[PDB]
Amino acid sequence: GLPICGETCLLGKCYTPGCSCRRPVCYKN
């Protein structure tokens with residue numbers, strides 16, 4: 001739910017485990 005990953009997903013990929021892309025930002029739980 002929160003952008004804890006510190007990743008953006010414009011292409012749509014997050015590397016952080018347990019991180020879901022919700023374009024254009026990655027969110028972890």
# chains A, B, ... in the order shown; residues from 1 in each chain; ligands from 1
call {"tool": "residues_around", "arguments": {"residues": "range 3-8 of chain A", "least_positions_apart": "4", "cutoff": "6 Å", "atoms": "only C-alpha atoms", "output": "PyMOL selection string"}}
result
chain A and resi 16+24-28
call {"tool": "select_by_dssp", "arguments": {"residues": "chain A", "states": "strand (DSSP E)", "output": "tab-separated table (two decimals) with N, CA, C and O atoms, in the first residue's frame"}}
result
chain	number	residue	atom	x	y	z
A	20	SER	N	4.37	-4.21	-5.37
A	20	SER	CA	3.46	-4.26	-6.46
A	20	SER	C	3.50	-2.94	-7.20
A	20	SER	O	3.53	-1.87	-6.59
A	21	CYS	N	3.54	-3.02	-8.49
A	21	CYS	CA	3.51	-1.85	-9.31
A	21	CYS	C	2.10	-1.32	-9.41
A	21	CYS	O	1.15	-2.07	-9.66
A	22	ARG	N	1.97	-0.05	-9.16
A	22	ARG	CA	0.76	0.65	-9.37
A	22	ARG	C	1.16	1.92	-10.06
A	22	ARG	O	1.47	2.94	-9.41
A	25	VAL	N	4.05	4.28	-9.88
A	25	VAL	CA	4.87	4.15	-8.65
A	25	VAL	C	4.76	2.71	-8.09
A	25	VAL	O	3.76	2.04	-8.29
A	26	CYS	N	5.79	2.24	-7.44
A	26	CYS	CA	5.75	0.94	-6.82
A	26	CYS	C	5.26	1.06	-5.38
A	26	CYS	O	5.58	2.03	-4.69
A	27	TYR	N	4.46	0.13	-4.94
A	27	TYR	CA	3.93	0.16	-3.60
A	27	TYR	C	4.12	-1.19	-2.94
A	27	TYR	O	3.87	-2.23	-3.54
call {"tool": "residues_around", "arguments": {"residues": "residue 29 in chain A", "least_positions_apart": "6", "cutoff": "8 Å", "atoms": "only C-alpha atoms", "output": "list in words"}}
result
residues 1, 2, 18, 19 and 20 of chain A
call {"tool": "decode", "arguments": {"residues": "range 1-26 of chain A", "atoms": "N, CA, C and O atoms", "output": "PDB file, in the first residue's frame"}}
result
ATOM      1  N   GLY A   1       0.788  -1.214   0.000  1.00  0.00           N
ATOM      2  CA  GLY A   1       0.000   0.000   0.000  1.00  0.00           C
ATOM      3  C   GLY A   1       0.825   1.272   0.000  1.00  0.00           C
ATOM      4  O   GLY A   1       0.384   2.299  -0.514  1.00  0.00           O
ATOM      5  N   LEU A   2       2.014   1.220   0.549  1.00  0.00           N
ATOM      6  CA  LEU A   2       2.854   2.413   0.633  1.00  0.00           C
ATOM      7  C   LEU A   2       4.061   2.294  -0.285  1.00  0.00           C
ATOM      8  O   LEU A   2       4.568   1.198  -0.488  1.00  0.00           O
ATOM      9  N   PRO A   3       4.559   3.417  -0.840  1.00  0.00           N
ATOM     10  CA  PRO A   3       5.717   3.427  -1.770  1.00  0.00           C
ATOM     11  C   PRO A   3       7.061   3.208  -1.033  1.00  0.00           C
ATOM     12  O   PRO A   3       8.052   3.895  -1.277  1.00  0.00           O
ATOM     13  N   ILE A   4       7.081   2.195  -0.197  1.00  0.00           N
ATOM     14  CA  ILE A   4       8.223   1.829   0.630  1.00  0.00           C
ATOM     15  C   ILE A   4       9.393   1.333  -0.234  1.00  0.00           C
ATOM     16  O   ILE A   4      10.556   1.447   0.147  1.00  0.00           O
ATOM     17  N   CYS A   5       9.072   0.828  -1.410  1.00  0.00           N
ATOM     18  CA  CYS A   5      10.057   0.243  -2.313  1.00  0.00           C
ATOM     19  C   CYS A   5      11.087   1.282  -2.765  1.00  0.00           C
ATOM     20  O   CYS A   5      12.283   0.984  -2.862  1.00  0.00           O
ATOM     21  N   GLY A   6      10.635   2.504  -2.986  1.00  0.00           N
ATOM     22  CA  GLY A   6      11.509   3.539  -3.472  1.00  0.00           C
ATOM     23  C   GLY A   6      11.765   3.335  -4.940  1.00  0.00           C
ATOM     24  O   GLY A   6      12.877   3.579  -5.443  1.00  0.00           O
ATOM     25  N   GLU A   7      10.744   2.852  -5.619  1.00  0.00           N
ATOM     26  CA  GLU A   7      10.819   2.554  -7.015  1.00  0.00           C
ATOM     27  C   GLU A   7       9.638   3.135  -7.747  1.00  0.00           C
ATOM     28  O   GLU A   7       8.535   3.267  -7.195  1.00  0.00           O
ATOM     29  N   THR A   8       9.866   3.468  -8.962  1.00  0.00           N
ATOM     30  CA  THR A   8       8.859   3.945  -9.830  1.00  0.00           C
ATOM     31  C   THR A   8       8.634   2.905 -10.887  1.00  0.00           C
ATOM     32  O   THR A   8       9.556   2.151 -11.229  1.00  0.00           O
ATOM     33  N   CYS A   9       7.457   2.826 -11.401  1.00  0.00           N
ATOM     34  CA  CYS A   9       7.214   1.871 -12.400  1.00  0.00           C
ATOM     35  C   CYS A   9       6.494   2.486 -13.569  1.00  0.00           C
ATOM     36  O   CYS A   9       5.267   2.489 -13.664  1.00  0.00           O
ATOM     37  N   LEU A  10       7.271   3.113 -14.411  1.00  0.00           N
ATOM     38  CA  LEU A  10       6.763   3.708 -15.608  1.00  0.00           C
ATOM     39  C   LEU A  10       6.688   2.623 -16.662  1.00  0.00           C
ATOM     40  O   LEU A  10       5.756   2.582 -17.478  1.00  0.00           O
ATOM     41  N   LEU A  11       7.668   1.735 -16.623  1.00  0.00           N
ATOM     42  CA  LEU A  11       7.707   0.576 -17.496  1.00  0.00           C
ATOM     43  C   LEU A  11       6.837  -0.514 -16.887  1.00  0.00           C
ATOM     44  O   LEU A  11       6.267  -1.341 -17.589  1.00  0.00           O
ATOM     45  N   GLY A  12       6.761  -0.511 -15.572  1.00  0.00           N
ATOM     46  CA  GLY A  12       5.867  -1.409 -14.892  1.00  0.00           C
ATOM     47  C   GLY A  12       6.568  -2.526 -14.162  1.00  0.00           C
ATOM     48  O   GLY A  12       6.008  -3.612 -14.025  1.00  0.00           O
ATOM     49  N   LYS A  13       7.781  -2.288 -13.689  1.00  0.00           N
ATOM     50  CA  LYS A  13       8.497  -3.312 -12.956  1.00  0.00           C
ATOM     51  C   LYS A  13       9.162  -2.758 -11.698  1.00  0.00           C
ATOM     52  O   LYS A  13       9.793  -1.686 -11.720  1.00  0.00           O
ATOM     53  N   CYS A  14       9.015  -3.494 -10.624  1.00  0.00           N
ATOM     54  CA  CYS A  14       9.578  -3.167  -9.347  1.00  0.00           C
ATOM     55  C   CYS A  14      10.487  -4.326  -8.957  1.00  0.00           C
ATOM     56  O   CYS A  14      10.172  -5.481  -9.240  1.00  0.00           O
ATOM     57  N   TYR A  15      11.605  -4.045  -8.362  1.00  0.00           N
ATOM     58  CA  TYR A  15      12.549  -5.088  -8.023  1.00  0.00           C
ATOM     59  C   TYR A  15      12.428  -5.518  -6.581  1.00  0.00           C
ATOM     60  O   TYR A  15      12.696  -6.685  -6.256  1.00  0.00           O
ATOM     61  N   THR A  16      12.014  -4.597  -5.729  1.00  0.00           N
ATOM     62  CA  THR A  16      11.819  -4.864  -4.312  1.00  0.00           C
ATOM     63  C   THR A  16      10.842  -6.048  -4.123  1.00  0.00           C
ATOM     64  O   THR A  16       9.797  -6.092  -4.767  1.00  0.00           O
ATOM     65  N   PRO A  17      11.201  -7.044  -3.299  1.00  0.00           N
ATOM     66  CA  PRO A  17      10.326  -8.180  -3.015  1.00  0.00           C
ATOM     67  C   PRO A  17       9.057  -7.744  -2.274  1.00  0.00           C
ATOM     68  O   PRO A  17       9.109  -6.920  -1.333  1.00  0.00           O
ATOM     69  N   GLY A  18       7.930  -8.259  -2.708  1.00  0.00           N
ATOM     70  CA  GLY A  18       6.672  -7.919  -2.096  1.00  0.00           C
ATOM     71  C   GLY A  18       6.233  -6.539  -2.482  1.00  0.00           C
ATOM     72  O   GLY A  18       5.585  -5.843  -1.711  1.00  0.00           O
ATOM     73  N   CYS A  19       6.605  -6.130  -3.651  1.00  0.00           N
ATOM     74  CA  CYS A  19       6.291  -4.818  -4.113  1.00  0.00           C
ATOM     75  C   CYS A  19       5.435  -4.941  -5.341  1.00  0.00           C
ATOM     76  O   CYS A  19       5.729  -5.729  -6.237  1.00  0.00           O
ATOM     77  N   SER A  20       4.370  -4.212  -5.369  1.00  0.00           N
ATOM     78  CA  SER A  20       3.458  -4.257  -6.456  1.00  0.00           C
ATOM     79  C   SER A  20       3.499  -2.939  -7.205  1.00  0.00           C
ATOM     80  O   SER A  20       3.532  -1.866  -6.591  1.00  0.00           O
ATOM     81  N   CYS A  21       3.545  -3.016  -8.491  1.00  0.00           N
ATOM     82  CA  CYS A  21       3.513  -1.851  -9.314  1.00  0.00           C
ATOM     83  C   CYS A  21       2.102  -1.316  -9.412  1.00  0.00           C
ATOM     84  O   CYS A  21       1.146  -2.068  -9.656  1.00  0.00           O
ATOM     85  N   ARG A  22       1.970  -0.055  -9.159  1.00  0.00           N
ATOM     86  CA  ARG A  22       0.758   0.654  -9.368  1.00  0.00           C
ATOM     87  C   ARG A  22       1.156   1.924 -10.060  1.00  0.00           C
ATOM     88  O   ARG A  22       1.466   2.936  -9.414  1.00  0.00           O
ATOM     89  N   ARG A  23       1.234   1.820 -11.372  1.00  0.00           N
ATOM     90  CA  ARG A  23       1.788   2.845 -12.236  1.00  0.00           C
ATOM     91  C   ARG A  23       1.305   4.242 -11.883  1.00  0.00           C
ATOM     92  O   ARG A  23       0.106   4.459 -11.631  1.00  0.00           O
ATOM     93  N   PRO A  24       2.218   5.202 -11.862  1.00  0.00           N
ATOM     94  CA  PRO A  24       3.615   4.988 -12.221  1.00  0.00           C
ATOM     95  C   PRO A  24       4.566   4.791 -11.000  1.00  0.00           C
ATOM     96  O   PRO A  24       5.773   5.066 -11.102  1.00  0.00           O
ATOM     97  N   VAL A  25       4.054   4.285  -9.878  1.00  0.00           N
ATOM     98  CA  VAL A  25       4.867   4.150  -8.654  1.00  0.00           C
ATOM     99  C   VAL A  25       4.764   2.712  -8.091  1.00  0.00           C
ATOM    100  O   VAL A  25       3.765   2.036  -8.287  1.00  0.00           O
ATOM    101  N   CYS A  26       5.793   2.244  -7.436  1.00  0.00           N
ATOM    102  CA  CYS A  26       5.751   0.937  -6.817  1.00  0.00           C
ATOM    103  C   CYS A  26       5.257   1.064  -5.382  1.00  0.00           C
ATOM    104  O   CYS A  26       5.581   2.034  -4.690  1.00  0.00           O
TER     105      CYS A  26
END
